[PDB]
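Colleague: Okay, handing you the structure first.
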Amino acid sequence: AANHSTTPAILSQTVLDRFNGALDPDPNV
Amino acid sequence: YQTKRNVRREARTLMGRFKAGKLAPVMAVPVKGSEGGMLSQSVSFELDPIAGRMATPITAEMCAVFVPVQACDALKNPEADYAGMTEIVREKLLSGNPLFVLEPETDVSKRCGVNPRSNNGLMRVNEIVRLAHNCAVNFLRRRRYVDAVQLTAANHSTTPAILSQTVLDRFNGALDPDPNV
Amino acid sequence: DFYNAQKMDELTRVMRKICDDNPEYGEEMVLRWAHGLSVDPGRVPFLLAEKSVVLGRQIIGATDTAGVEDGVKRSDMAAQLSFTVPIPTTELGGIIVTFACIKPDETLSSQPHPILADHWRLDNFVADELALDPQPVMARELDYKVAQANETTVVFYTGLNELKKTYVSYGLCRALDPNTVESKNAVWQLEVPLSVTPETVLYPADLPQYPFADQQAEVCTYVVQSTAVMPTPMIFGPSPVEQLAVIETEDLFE
Amino acid sequence: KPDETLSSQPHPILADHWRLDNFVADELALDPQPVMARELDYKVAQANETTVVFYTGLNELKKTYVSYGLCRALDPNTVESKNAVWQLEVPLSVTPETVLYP
Amino acid sequence: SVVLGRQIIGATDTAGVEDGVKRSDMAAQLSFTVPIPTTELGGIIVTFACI
Amino acid sequence: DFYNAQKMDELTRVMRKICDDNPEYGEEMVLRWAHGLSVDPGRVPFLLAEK
């Protein structure tokens with residue numbers, strides 16, 4: 001709540017989602 | 001295992017300029033073993049402004065050539081005997097050593113649209129594209145005249161176009177007639 | 001004899017029809033054909049598609065005072081080409097290479113008229129009937145741009161009056177000065193040297209762009225668009241999942 | 001916003017060695033494989049090539065390939081009257097998870 | 001024979017509008033198809049185009 | 001594990017069924033089969049009749 005200016009837009013599809021990836025997978029699955 | 005179960009998809013859009021009178025490659029779509037489907041390509045044309053009026057027609061052609069891996073091996077190993085046979089390449093694949101290895105970027109590779117690979121900071125591309133282009137160029141040349149100049153596997157630039165009708169064919173001639181006929 | 005001949009002559013023409021009708025196998029398939037053998041089929045390349053079109057033209061004229069007086073105008077050329085063909089399945093695969101070439105008009109401009117450029121003489125039809133041998137076709141019969149020494153040289157050795165079956169020409173009048181008609185410069189055709197190297201399927205290494213301001217500039221500007229769907233047997237294994245901080249932190253599974 | 005389409009990405013097949021896949025071995029592969037940098041774009045520093053961007057997928061870089069950019073042979077100084085180029089040249093590789101424009 | 005047509009192109013710049021500058025373009029097309037007269041010794045067919 | 005197994009076990013039996021169902025190619029056709037290749041067909045003999 002200190003922002004007092006416009007903000008950059010938001011990507012339609014991130015790199016991670018584009019390739020259907022993950023930063024840290026789980027061992028159980 | 002050589003049966004279709006899954007599918008791939010490619011969508012490459014490219015832009016560039018190529019000089020007239022030159023057989024300029026535009027794209028190179030790779031096809032691996034036991035693969036098939038539909039291919040759809042489209043190319044636009046737009047020339048620089050021309051002063052005055054043009055009445056002599058200008059022809060633009062679009063061509064597609066399929067170059068098997070067997071043919072590409074012959075150019076890489078021309079002196080070797082049986083170099084391009086299916087069994088030889090089939091056996092060499094089983095060895096483990098890659099049949100084709102990366103090479104530095106060239107005009108043919110750059111114009112074909114293949115983006116390079118940063119191997120220790122140096123751009124790299126597989127040798128198959130360059131070999132395929134040279135073989136495809138020779139194939140087109142042989143159609144007009146079998147005893148045409150052949151390009152080796154050292155070509156790294158575009159090639160001049162091919163005439164629609166040679167002088168000898170235009171007059172229905174021959175360089176050396178036969179005595180028996 | 002005259003039976004081995006009249007058979008070897010006929011059999012020879014069959015051999016000739018195989019090298020040209022089946023290119024990229026010349027002097028090798030005929031040998032195997034005679035002995036009753038075949039060649040390996042899968043090594044050879046083959047063509048998938050071949051599209052051609054003639055560029056359209058649109059004229060835009062200047063409206064300013066200078067343009068109206070002089071008559072300034074521009075020519076714009078564009079075209080569209082696309083094809084859809086199936087990919088040929090192979091055990092070892094292959095590479096599909098596409099090409100896009102722009103060429104000028106392939107029409108001759110320097111060639112003497114077969115009749116009006118030679119003496120007017122009366123033909124001996126009876127003698128011409130007894131002529132079934134390859135006659136010479138010396139240079140200076142194809143173009144007037146021939147050096148002194150090259151006139152006598154034989155370009156190709158064929159034909160009886162073959163230079164009169166069809167005559168095609170497209171060029172400016174010799175009286176006209178090319179320095180003019182710079183606003184009607186409708187001239188773009190291949191001025192091949194001719195005579196020398198009659199057999200050549202290759203364009204000259206340097207083809208100037210006369211109608212364009214810059215000859216060394218790449219006139220065209222091509223935009224490609226390819227979409228490919230390729231069924232393949234690759235596994236395309238699974239998609240992992242991210243880790244939830246709540247698990248392993250608050251011990252939901254204990 | 002401009003067009004969100006990649007332009008710097010090596011071809012999965014033509015930018016790597018031509019090797020014969022072991023389908024039987026690939027069947028026994030249900031674990032997250034690494035996807036190191038230099039597989040997403042060629043604008044990668046020397047040190048960043050070995051770094052792992054995301055840890056997922058078995059041949060996931062071949063299901064779909066999309067590219068839109070100028071030919072590397074062409075000089076961008078030209079086509080200033082056909083300048084139809086406006087797309088996001090994100091650095092990529094670094095910070096793969098980012099919902100924010102530069 | 002034919003009479004050339006005319007098309008008028010007018011200037012739009014300020015000087016052209018004030019003065020009234022314009023251009024006249026003239027063009028025409030002519031063609032014929034006739035049989036060639038057969039003769040024992042032949043002849044020469046000469047064409048002319050005069051304005 | 002127990003998924004790679006229960007798959008390798010099942011996949012192994014498929015390999016076994018090829019060497020015996022396709023003799024005179026044992027330990028060579030299965031290798032090419034896994035990689036997605038084939039053998040030269042014309043070298044092999046074959047039976048014509050059996051009485």
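In the structure tokens, the first chain shown is A, the next is B, and so on; residue numbers restart at 1 for each chain, and ligands run from 1 in the order shown.
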Within 6 Å of chain C, which residues of chain D show up when using only C-alpha atoms, listed as a list in words?
Modeller: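 Selected residues: residues 56, 57, 58 and 59 of chain D.
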Colleague: The selected residues should be written to file as a PDB file, in the first residue's frame (atoms: N, CA, C and O atoms).
Modeller:
ATOM      1  N   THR D  56      11.358 -30.649 -15.276  1.00  0.00           N
ATOM      2  CA  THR D  56      10.104 -31.254 -15.703  1.00  0.00           C
ATOM      3  C   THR D  56      10.238 -31.834 -17.103  1.00  0.00           C
ATOM      4  O   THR D  56      10.999 -31.329 -17.931  1.00  0.00           O
ATOM      5  N   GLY D  57       9.483 -32.896 -17.350  1.00  0.00           N
ATOM      6  CA  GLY D  57       9.161 -33.318 -18.706  1.00  0.00           C
ATOM      7  C   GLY D  57      10.108 -34.363 -19.256  1.00  0.00           C
ATOM      8  O   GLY D  57      11.283 -34.443 -18.898  1.00  0.00           O
ATOM      9  N   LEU D  58       9.569 -35.186 -20.154  1.00  0.00           N
ATOM     10  CA  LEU D  58      10.337 -36.137 -20.954  1.00  0.00           C
ATOM     11  C   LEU D  58      10.062 -35.781 -22.412  1.00  0.00           C
ATOM     12  O   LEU D  58       8.992 -36.095 -22.942  1.00  0.00           O
ATOM     13  N   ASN D  59      11.028 -35.128 -23.060  1.00  0.00           N
ATOM     14  CA  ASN D  59      10.868 -34.628 -24.423  1.00  0.00           C
ATOM     15  C   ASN D  59       9.742 -33.603 -24.523  1.00  0.00           C
ATOM     16  O   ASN D  59       9.072 -33.507 -25.553  1.00  0.00           O
TER      17      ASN D  59
END
Colleague: Env of stretch 30-33 of chain E: 12 Å cut, atoms = only C-alpha atoms, seq-sep filter 2 positions within chain, self excluded. Answer as an MDAnalysis selection string.
Modeller: chainID E and resid 1:4 27:28 35:36 47:50
Colleague: Mind writing the picked residues with N, CA, C and O atoms as a PDB file, in the first residue's frame?
Modeller:
ATOM      1  N   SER E   1      -7.418   2.274 -88.289  1.00  0.00           N
ATOM      2  CA  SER E   1      -7.289   3.643 -87.815  1.00  0.00           C
ATOM      3  C   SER E   1      -8.094   3.800 -86.536  1.00  0.00           C
ATOM      4  O   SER E   1      -9.052   3.063 -86.293  1.00  0.00           O
ATOM      5  N   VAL E   2      -7.693   4.774 -85.719  1.00  0.00           N
ATOM      6  CA  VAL E   2      -8.361   5.038 -84.452  1.00  0.00           C
ATOM      7  C   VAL E   2      -7.928   6.411 -83.971  1.00  0.00           C
ATOM      8  O   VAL E   2      -6.847   6.895 -84.318  1.00  0.00           O
ATOM      9  N   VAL E   3      -8.775   7.039 -83.161  1.00  0.00           N
ATOM     10  CA  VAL E   3      -8.489   8.337 -82.563  1.00  0.00           C
ATOM     11  C   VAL E   3      -8.123   8.120 -81.103  1.00  0.00           C
ATOM     12  O   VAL E   3      -8.841   7.430 -80.368  1.00  0.00           O
ATOM     13  N   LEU E   4      -7.003   8.701 -80.682  1.00  0.00           N
ATOM     14  CA  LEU E   4      -6.491   8.466 -79.340  1.00  0.00           C
ATOM     15  C   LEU E   4      -7.452   9.015 -78.295  1.00  0.00           C
ATOM     16  O   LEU E   4      -8.003  10.109 -78.453  1.00  0.00           O
ATOM     17  N   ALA E  27      -3.424   7.228 -75.495  1.00  0.00           N
ATOM     18  CA  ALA E  27      -3.031   5.862 -75.806  1.00  0.00           C
ATOM     19  C   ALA E  27      -4.093   5.239 -76.697  1.00  0.00           C
ATOM     20  O   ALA E  27      -5.232   5.707 -76.757  1.00  0.00           O
ATOM     21  N   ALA E  28      -3.702   4.172 -77.389  1.00  0.00           N
ATOM     22  CA  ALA E  28      -4.608   3.478 -78.294  1.00  0.00           C
ATOM     23  C   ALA E  28      -4.087   2.069 -78.532  1.00  0.00           C
ATOM     24  O   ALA E  28      -2.925   1.758 -78.262  1.00  0.00           O
ATOM     25  N   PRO E  35      -5.210 -13.256 -93.674  1.00  0.00           N
ATOM     26  CA  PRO E  35      -4.478 -14.388 -94.246  1.00  0.00           C
ATOM     27  C   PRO E  35      -3.317 -13.932 -95.116  1.00  0.00           C
ATOM     28  O   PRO E  35      -3.349 -12.871 -95.743  1.00  0.00           O
ATOM     29  N   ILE E  36      -2.276 -14.760 -95.144  1.00  0.00           N
ATOM     30  CA  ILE E  36      -1.085 -14.484 -95.942  1.00  0.00           C
ATOM     31  C   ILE E  36      -1.331 -14.980 -97.363  1.00  0.00           C
ATOM     32  O   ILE E  36      -1.822 -16.104 -97.545  1.00  0.00           O
ATOM     33  N   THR E  47       4.920  -3.687 -92.138  1.00  0.00           N
ATOM     34  CA  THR E  47       3.914  -3.022 -91.330  1.00  0.00           C
ATOM     35  C   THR E  47       4.358  -1.600 -91.019  1.00  0.00           C
ATOM     36  O   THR E  47       5.555  -1.311 -90.923  1.00  0.00           O
ATOM     37  N   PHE E  48       3.379  -0.713 -90.865  1.00  0.00           N
ATOM     38  CA  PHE E  48       3.630   0.691 -90.591  1.00  0.00           C
ATOM     39  C   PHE E  48       2.750   1.159 -89.444  1.00  0.00           C
ATOM     40  O   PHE E  48       1.659   0.630 -89.217  1.00  0.00           O
ATOM     41  N   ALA E  49       3.241   2.164 -88.724  1.00  0.00           N
ATOM     42  CA  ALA E  49       2.496   2.769 -87.624  1.00  0.00           C
ATOM     43  C   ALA E  49       2.810   4.256 -87.633  1.00  0.00           C
ATOM     44  O   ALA E  49       3.940   4.652 -87.330  1.00  0.00           O
ATOM     45  N   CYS E  50       1.821   5.073 -87.985  1.00  0.00           N
ATOM     46  CA  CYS E  50       2.010   6.506 -88.152  1.00  0.00           C
ATOM     47  C   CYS E  50       1.022   7.264 -87.282  1.00  0.00           C
ATOM     48  O   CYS E  50      -0.155   6.901 -87.196  1.00  0.00           O
TER      49      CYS E  50
END
Colleague: Please provide the set of residues having any atom within 10 Å of residue E:14, restricted to only C-alpha atoms, with same-chain residues fewer than 6 positions apart removed, written as a tab-separated table (two decimals) with C-alpha atoms, in the first residue's frame.
Modeller:
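So part07.tsv came out as:
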chain	number	residue	atom	x	y	z
C	64	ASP	CA	2.51	17.07	-57.15
C	65	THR	CA	3.28	19.60	-59.87
E	20	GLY	CA	-4.67	24.72	-62.42
Colleague: List the neighbours of residue C:41 out to 12 Å using only C-alpha atoms; skip same-chain residues closer than 6 positions along the sequence, and give me the result as a CSV table (one decimal) with N, CA and C atoms, in the first residue's frame.
Modeller:
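See part.csv below for the written result:
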chain,number,residue,atom,x,y,z
B,68,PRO,N,16.4,-37.7,-48.1
B,68,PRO,CA,16.6,-38.7,-47.1
B,68,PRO,C,17.9,-38.6,-46.4
B,70,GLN,N,19.9,-41.0,-46.0
B,70,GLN,CA,20.8,-41.8,-46.8
B,70,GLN,C,21.6,-41.0,-47.7
B,71,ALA,N,20.9,-40.1,-48.5
B,71,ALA,CA,21.6,-39.2,-49.4
B,71,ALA,C,22.6,-38.3,-48.7
B,84,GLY,N,26.2,-44.5,-48.5
B,84,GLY,CA,24.8,-44.1,-48.4
B,84,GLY,C,23.8,-45.2,-48.4
B,85,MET,N,24.3,-46.4,-48.2
B,85,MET,CA,23.3,-47.5,-48.2
B,85,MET,C,22.6,-47.6,-46.8
B,86,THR,N,21.4,-48.1,-46.9
B,86,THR,CA,20.5,-48.1,-45.7
B,86,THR,C,21.1,-48.9,-44.5
C,22,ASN,N,14.5,-41.1,-66.2
C,22,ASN,CA,14.9,-41.5,-64.8
C,22,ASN,C,16.2,-40.8,-64.5
C,24,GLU,N,19.2,-38.7,-62.2
C,24,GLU,CA,20.0,-39.0,-61.1
C,24,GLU,C,20.3,-40.5,-61.0
C,25,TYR,N,20.3,-41.2,-62.1
C,25,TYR,CA,20.7,-42.5,-62.2
C,25,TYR,C,21.5,-42.8,-63.5
C,29,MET,N,21.8,-46.9,-64.2
C,29,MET,CA,20.6,-47.7,-64.2
C,29,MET,C,20.5,-48.4,-65.5
Colleague: Leaving out residue F:41 and any residue of its chain fewer than 5 positions from it, which residues lie within 12 Å of it when counting only C-alpha atoms, given as JSON, numbers by chain?
Modeller: {"B": [87], "F": [22, 24, 25, 29, 46]}
Colleague: Could you give me, as CSV, every chain D residue with an atom at most 7 Å from chain B, plus its closest atom pair and distance in Å to one decimal, counting only C-alpha atoms, rows ordered by chain then number?
Modeller:
residue,atom,partner,partner_atom,distance
D:8,CA,B:115,CA,7.0
D:9,CA,B:115,CA,6.1
D:10,CA,B:115,CA,4.6
D:11,CA,B:115,CA,6.0
D:14,CA,B:126,CA,5.7
D:15,CA,B:125,CA,4.9
D:16,CA,B:126,CA,6.4
D:17,CA,B:101,CA,5.4
D:18,CA,B:100,CA,5.5
D:19,CA,B:98,CA,5.2
D:20,CA,B:93,CA,6.0
D:38,CA,B:118,CA,6.2
D:42,CA,B:118,CA,5.3
D:46,CA,B:121,CA,5.8
D:62,CA,B:8,CA,6.6
D:63,CA,B:8,CA,5.0
D:64,CA,B:9,CA,4.8
D:65,CA,B:10,CA,4.6
D:66,CA,B:11,CA,4.7
D:67,CA,B:12,CA,4.9
D:68,CA,B:13,CA,4.8
D:69,CA,B:14,CA,5.6
D:70,CA,B:15,CA,4.8
D:71,CA,B:16,CA,5.2
D:72,CA,B:110,CA,5.4
D:73,CA,B:110,CA,5.8
D:74,CA,B:16,CA,5.5
Colleague: Hey, can you spit out that residue selection with C-alpha atoms as an mmCIF file, in the first residue's frame?
Modeller:
data_model
loop_
_atom_site.group_PDB
_atom_site.id
_atom_site.type_symbol
_atom_site.label_atom_id
_atom_site.label_comp_id
_atom_site.auth_asym_id
_atom_site.auth_seq_id
_atom_site.Cartn_x
_atom_site.Cartn_y
_atom_site.Cartn_z
ATOM 1 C CA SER D 8 15.098 -16.904 -29.686
ATOM 2 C CA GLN D 9 14.809 -20.661 -29.192
ATOM 3 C CA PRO D 10 16.925 -23.462 -30.711
ATOM 4 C CA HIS D 11 15.165 -26.083 -32.780
ATOM 5 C CA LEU D 14 18.041 -29.593 -35.759
ATOM 6 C CA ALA D 15 20.064 -27.834 -33.029
ATOM 7 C CA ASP D 16 21.152 -31.111 -31.376
ATOM 8 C CA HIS D 17 22.891 -34.309 -32.417
ATOM 9 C CA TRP D 18 20.963 -36.753 -34.603
ATOM 10 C CA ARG D 19 20.818 -39.824 -32.358
ATOM 11 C CA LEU D 20 18.663 -42.950 -32.316
ATOM 12 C CA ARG D 38 20.560 -23.200 -23.495
ATOM 13 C CA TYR D 42 20.579 -18.865 -27.610
ATOM 14 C CA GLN D 46 28.605 -18.899 -20.454
ATOM 15 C CA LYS D 62 9.017 -31.175 -28.821
ATOM 16 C CA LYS D 63 5.241 -31.306 -28.264
ATOM 17 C CA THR D 64 4.790 -27.783 -29.657
ATOM 18 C CA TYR D 65 7.237 -25.386 -31.317
ATOM 19 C CA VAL D 66 6.231 -21.793 -32.093
ATOM 20 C CA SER D 67 8.507 -19.059 -33.428
ATOM 21 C CA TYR D 68 8.085 -15.611 -34.963
ATOM 22 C CA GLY D 69 11.149 -13.537 -35.789
ATOM 23 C CA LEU D 70 13.329 -12.118 -38.517
ATOM 24 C CA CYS D 71 15.793 -14.238 -40.453
ATOM 25 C CA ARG D 72 19.282 -14.157 -38.965
ATOM 26 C CA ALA D 73 20.733 -13.397 -42.407
ATOM 27 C CA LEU D 74 18.605 -10.257 -42.743
#
Colleague: Could you pull the residues within 6 Å of residue D:87, counting only C-alpha atoms, minus those fewer than 4 positions along the same chain, as a ChimeraX atom specification?
Modeller: /D:2-4
